[PDB]
Q: 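Before I ask anything, let me first share the structure, which is written out below as structure tokens.
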Amino acid sequence: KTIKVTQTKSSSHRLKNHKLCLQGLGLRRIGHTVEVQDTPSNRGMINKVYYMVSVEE
Amino acid sequence: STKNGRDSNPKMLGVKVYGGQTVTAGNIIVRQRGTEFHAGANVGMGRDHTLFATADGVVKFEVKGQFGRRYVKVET
RNA sequence: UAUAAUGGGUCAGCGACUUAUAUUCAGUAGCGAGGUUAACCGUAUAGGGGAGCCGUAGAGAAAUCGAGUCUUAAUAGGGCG
RNA sequence: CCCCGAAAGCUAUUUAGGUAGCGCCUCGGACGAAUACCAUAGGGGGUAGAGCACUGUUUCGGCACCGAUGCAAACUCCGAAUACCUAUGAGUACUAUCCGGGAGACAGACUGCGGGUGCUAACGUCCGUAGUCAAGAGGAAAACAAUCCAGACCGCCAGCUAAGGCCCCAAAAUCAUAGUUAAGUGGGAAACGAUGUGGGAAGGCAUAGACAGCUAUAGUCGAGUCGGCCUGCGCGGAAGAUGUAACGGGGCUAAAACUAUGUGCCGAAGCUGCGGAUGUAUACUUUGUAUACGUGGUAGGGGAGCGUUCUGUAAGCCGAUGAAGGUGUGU
RNA sequence: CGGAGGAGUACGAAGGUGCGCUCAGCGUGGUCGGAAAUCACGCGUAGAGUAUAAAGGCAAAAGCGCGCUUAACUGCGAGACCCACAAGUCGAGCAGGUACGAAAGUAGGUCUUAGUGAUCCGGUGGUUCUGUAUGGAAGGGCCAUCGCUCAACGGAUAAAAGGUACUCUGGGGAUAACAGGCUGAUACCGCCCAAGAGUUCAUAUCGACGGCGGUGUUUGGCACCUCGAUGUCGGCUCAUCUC
RNA sequence: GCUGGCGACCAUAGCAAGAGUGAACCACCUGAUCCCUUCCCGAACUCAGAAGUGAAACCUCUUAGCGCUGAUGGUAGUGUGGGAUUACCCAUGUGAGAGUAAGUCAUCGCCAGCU
């Protein structure tokens, strides 16, 4: 019901909406790991920035 | 020397209120040079083919009639 | 801009956002529906001096009205309050 | 000393290197979810592509029409992905909006994508869109604003990684398993030329005897041979001026080259560990205390301080048992 | 200083309303009359028209006729579009007076988007505004309207052309001439294919129509360095490198 | 089960060809006296009427003839990340136009007459 997301790359040069997706998931730096609800709304943000996050499903 | 180099000022035409939005009486819905959209129920037409709402409600687009004309209407 | 763009041979001393008046905003103090004197007088930072200024009511080009007023034939509608 | 932090755009200008209003920055006040990211639902389009139903244009047949066949920024019977508008909703985040004080700026640059112009030239010029520089240090690309990785509060002779790398200069594999190359290709360049070598799909002839050579199709011999197609890596084409000078160098050939796979390690001011400082917010219901999030910066905006001369406090306090000033040392 | 075209008007009907009607093309016949005047009948079909350029439109036709008329009205106006400002655009509805229809109704110019000029200064009509002692008046105000190729069209004045090699100051490598740089259209050099020429025979030697590269000696393109100075066309003296 | 009117819908519903319908309705149909009418015409509009015909017209039925609708699969394009620069390739999501198989001679609502 909850999943774990870890940021693996820098977000400094990314697109604005990608940075906002990271901020809306709650990730703040490289190596940061958060635990979020498994809902389609969160899954959309994860899937948009798939290339710089790691998911422990 | 070229004989070209002229153009006119922009006119800002197009759809102003899309399907599903709520309007009040007097709101302009479409700005258009010709009659690309036609006036349905509770919608009036100005002297320059502008379409406006004459009552409160929700905007709705459709295709109707024997000529396949595009209509916009307001549902109360 | 390492630039082969400008300026400086070196040291010591001097060298550039001020002053007066008016106005607006922000702090702070006194008094508070009120606040405050100017010139001047005064053995004088005191005490007198209320003329004047700001606030307390708007509308209208104006005469005029006034919590309303202007436009209008309209008590309708509308604009400023 | 601390906090925040732009722009090189639009409109107008006897205007074009000036200025003004708006856009972008900062400070104060009001007011809190009205904001954004994502999901779901509703909606219009005429671009990419495509097509010939219109407008033009094109080739070959038959008789302007009929059958085939192409093309288009100013053609459309069609037609996306994305973008854009609205409504509802979970989670995350000092978001949005309004009123005032102060500005700066209105010479931009490169790179990728979509284009006009130019020669599908230019580190050329003019637009749209994103990133970096401007105003940004660190590691890699030999050196190299604008590329790749990454956003520097201070200290440490601690640890893990990113891009990029592991024979020596110079930190880490002369690591492991299969192949290719002989050109120092790797480590500059085309049309075209060639039995250089590796792989693949087919075909023709052939031990009643195939190819080559030789004797005048027969004949001596004793297994393969013949000509194409696709594909990997190589060869020629390849001439310049101070000095090898077109791997950074040394050097490198079952590589220290190329292809594929795997196991370790090195590697930044990124992350983690330990110590210290500071801004804002929430709770302790003074506290100076804990927790959370922050602390790269030009033009600018805001906050807090150090020293110097003079006036009062000061007919006070220090001073010939030595003031100011000068010159060392310690803290 | 990219590729193409238009405007600086017109209309008292070419406006309003009620009623009514459909274009263009081709084919048959029918005097002059035919390629194509008018008449009649068919076929398929929006290719006609819309004052004018193009685009978006046009069957309740927005295209085309007839009768009656002036809504090409006055006071406004909820609400929107566009927007630095100044400006610009659309508009249901309400009151009064009209026009056309039997009536429900339609009409605040024309299918729409161009046909335009702020402020100042003056002119004309109206006015229950003001009127420098008082009553008037002059002058001013308010409402309506007139005088701009102010076209460099947000309009510096009511009113304005040239020379300087006799020159001067403040600035710029924001911007040209020389040399450097990037590029290589052009220039020069090399290669591929080969109609042909060469008594025959493409390749001894030349080689048409076309194609692909190299160099950085030409004529050019750009404007990156230098305008608080990089100061030269040729000659002389002295050279050094490439093939 | 037929006929008429008014709508929904706007080709899978349309065109074309062929065949039927007169009891009622509709259609042609008679003439032009009054109402009314033609830039001329009782051709259209209009009035007063049923002697004729379902010829034409309108409706209904049949046909895939023309037209219209139309998959599945593949191809083109394309957002995000990466690799390359004649404009492609990989991962992931999305996905035409044309053409092919196939389909279609519509389907509903309110009222009034005739059996």
Side-chain angles (χ1 to χ4, degrees):
Chain A
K1 190 194 193 182
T2 73
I3 63 201
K4 267 142 163 263
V5 193
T6 298
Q7 183 180 331
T8 61
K9 287 162 186 212
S10 166
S11 67
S12 71
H13 323 305
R14 307 308 172 170
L15 297 173
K16 175 183 82 282
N17 280 3
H18 294 202
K19 297 153 135 298
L20 293 176
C21 285
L22 278 188
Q23 183 225 273
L25 285 164
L27 290 164
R28 315 200 92 111
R29 76 192 59 86
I30 297 174
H32 198 195
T33 293
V34 288
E35 182 209 305
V36 295
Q37 246 171 357
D38 200 352
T39 67
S41 306
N42 283 348
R43 284 273 191 191
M45 296 192 275
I46 291 156
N47 292 333
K48 201 148 287 263
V49 292
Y50 77 98
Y51 57 94
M52 51 175 178
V53 293
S54 174
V55 184
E56 209 181 38
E57 209 153 355
Chain B
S1 172
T2 76
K3 281 133 159 99
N4 307 318
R6 299 164 300 279
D7 202 4
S8 56
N9 286 316
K11 290 297 177 286
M12 296 90 186
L13 302 181
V15 170
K16 306 301 183 177
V17 180
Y18 293 88
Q21 299 185 229
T22 91
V23 281
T24 36
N27 277 350
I28 290 178
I29 299 167
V30 191
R31 289 283 212 180
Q32 48 180 8
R33 193 48 71 221
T35 309
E36 326 200 32
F37 299 90
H38 288 262
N42 293 134
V43 169
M45 183 178 151
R47 68 167 292 271
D48 65 354
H49 312 302
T50 302
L51 304 185
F52 59 99
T54 65
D56 299 8
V58 182
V59 174
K60 176 158 199 13
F61 291 80
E62 67 209 5
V63 171
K64 199 150 290 293
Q66 63 186 291
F67 308 120
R69 315 223 278 234
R70 291 176 285 178
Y71 279 92
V72 64
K73 68 142 163 213
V74 167
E75 321 224 58
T76 67

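Convention: sequence-line order gives letters A, B, ...; per-chain numbering from 1. Computed from heavy atoms alone, side chains included, the values below leave out hydrogens, waters and symmetry copies.
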Q: Under 4.0 Å, counting only non-hydrogen atoms across every strand here, what does B/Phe67 touch: a base, just sugar-phosphate, or nothing?
A: sugar-phosphate

Q: Does A/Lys48 reach a base, just sugar-phosphate, or nothing at all? Heavy atoms under 4.0 Å.
A: sugar-phosphate

Q: Between B/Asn4 and E/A4, is there a contact of a side-chain N or O with OP1 or OP2 at under 4.0 Å?
A: yes

Q: Check whether the side chain of B/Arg31 and the base of E/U89 form a donor-acceptor pair under 3.5 Å.
A: yes

Q: Working to the nearest 0.5 angstrom, can you tell me the gap between B/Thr35 OG1 and B/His49 NE2?
A: 5.0 Å

Q: What's the separation between atom NZ in A/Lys9 and atom NE2 in A/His13, rounded to the nearest 0.5 Å?
A: 12.0 Å

Q: Hey, what's the ring geometry for B/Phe61 with B/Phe37, parallel, tilted or perpendicular (30° and 60° as the breaks)?
A: perpendicular

Q: Is A/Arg14 near enough to D/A130 that one of its side-chain N or O atoms lies under 4.0 angstrom from OP1 or OP2?
A: no

Q: OP1 or OP2 of D/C38 versus the side-chain N and O atoms of A/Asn17: is any pair under 4.0 Å?
A: yes

Q: For the side chain of B/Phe52, starting at C-beta, report the closest nucleotide among E/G56, D/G151, E/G91.
A: E/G91

Q: Give a yes or no on whether a donor-acceptor pair under 3.5 Å exists between the nucleobase atoms of D/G44, that is its base, and the side chain of B/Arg70.
A: no

Q: Of all the choices, E/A4, D/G43, F/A91, which nucleotide is nearest to the side chain of A/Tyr50 once you look at every atom?
A: F/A91

Q: With no hydrogens and no angle check, just 3.5 Å: does a side-chain donor-acceptor pair link B/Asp48 and B/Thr50?
A: yes

Q: With both distances under 3.5 Å required, do E/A80 and E/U89 pair Watson-Crick or G-U wobble?
A: yes

Q: Over all strands shown, is B/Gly26 touching base, sugar-phosphate only, or nothing at heavy-atom distances under 4.0 angstrom?
A: base

Q: Between neighbours E/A151 and E/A152, do the six-membered base rings sit under 5.5 Å apart with planes under 30 degrees?
A: no

Q: From the set E/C90, D/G91, D/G44, return the single nucleotide nearest to any side-chain atom of A/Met45.
A: D/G91

Q: Taking everything shown except A/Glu56 itself, do over 12 heavy atoms lie less than 6.0 Å from its CD?
A: no

Q: Classify the nucleic acid contact of A/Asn42 as base, sugar-phosphate or nothing, counting any heavy atom under 4.0 Å across all strands shown.
A: base

Q: Quick one: is A/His13 getting a side-chain N or O under 4.0 Å of the D/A130 phosphate, OP1 or OP2?
A: no

Q: If the cut-off is 4.0 Å, is A/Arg28 near the phosphate of D/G294, judged by side-chain N/O to OP1 or OP2?
A: yes

Q: Could you tell me whether F/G97 is syn or anti, where syn means a glycosidic angle within 90 degrees of zero?
A: anti

Q: When you compare the six-membered rings of E/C148 and E/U149, are they both close enough (centres under 5.5 Å) and flat enough to each other (planes under 30°) to count as stacked?
A: no

Q: Confirm from the modelled atom types if A/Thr39 and D/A39 form a donor-acceptor pair under 3.5 Å, side chain to base only.
A: no

Q: Using only heavy-atom distances, decide whether a donor-acceptor pair under 3.5 angstrom links the side-chain of A/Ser10 to the base of D/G151.
A: no

Q: Give a yes or no on whether the neighbouring nucleotides D/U120 and D/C119 have stacked bases (ring centres less than 5.5 Å apart, plane angle less than 30°).
A: no

Q: Within the pair B/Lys64 and F/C9, is there a side-chain N or O less than 4.0 Å away from OP1 or OP2?
A: yes

Q: Determine, using purine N1 to pyrimidine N3 plus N6-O4 or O6-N4 for Watson-Crick, or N1-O2 and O6-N3 for G-U wobble, whether E/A99 and E/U106 pair with both distances under 3.5 Å.
A: yes

Q: Is there a side-chain polar atom (N or O) of B/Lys3 under 4.0 Å from OP1 or OP2 of E/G3?
A: no

Q: Is D/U111 base-paired to D/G275, counting Watson-Crick or G-U wobble with both distances below 3.5 Å?
A: no

Q: Applying a 4.0 Å non-hydrogen cut-off, can you work out what A/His18 is touching in the nucleic acid: base, sugar-phosphate, or nothing?
A: sugar-phosphate

Q: Would you tell me if any nitrogen or oxygen in the side chain of B/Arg69 comes within less than 4.0 Å of OP1 or OP2 on E/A59?
A: yes

Q: For E/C111 and B/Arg33 - does any side-chain N or O of the residue sit under 4.0 Å from the phosphate oxygens OP1/OP2?
A: no

Q: I want to verify the glycosidic state of D/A122; is it syn or anti under the 90° rule?
A: anti

Q: Mapping B/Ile28 and B/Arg6 to their closest nucleotides on RNA chain E, which lands nearer the 5' end?
A: B/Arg6

Q: Looking at the strand neighbours F/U94 and F/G95, are the centres of their six-membered rings under 5.5 angstrom apart while the planes meet at under 30 degrees?
A: yes

Q: Evaluate E/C85 against E/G154 for Watson-Crick or G-U wobble pairing; both distances have to be shorter than 3.5 Å.
A: yes

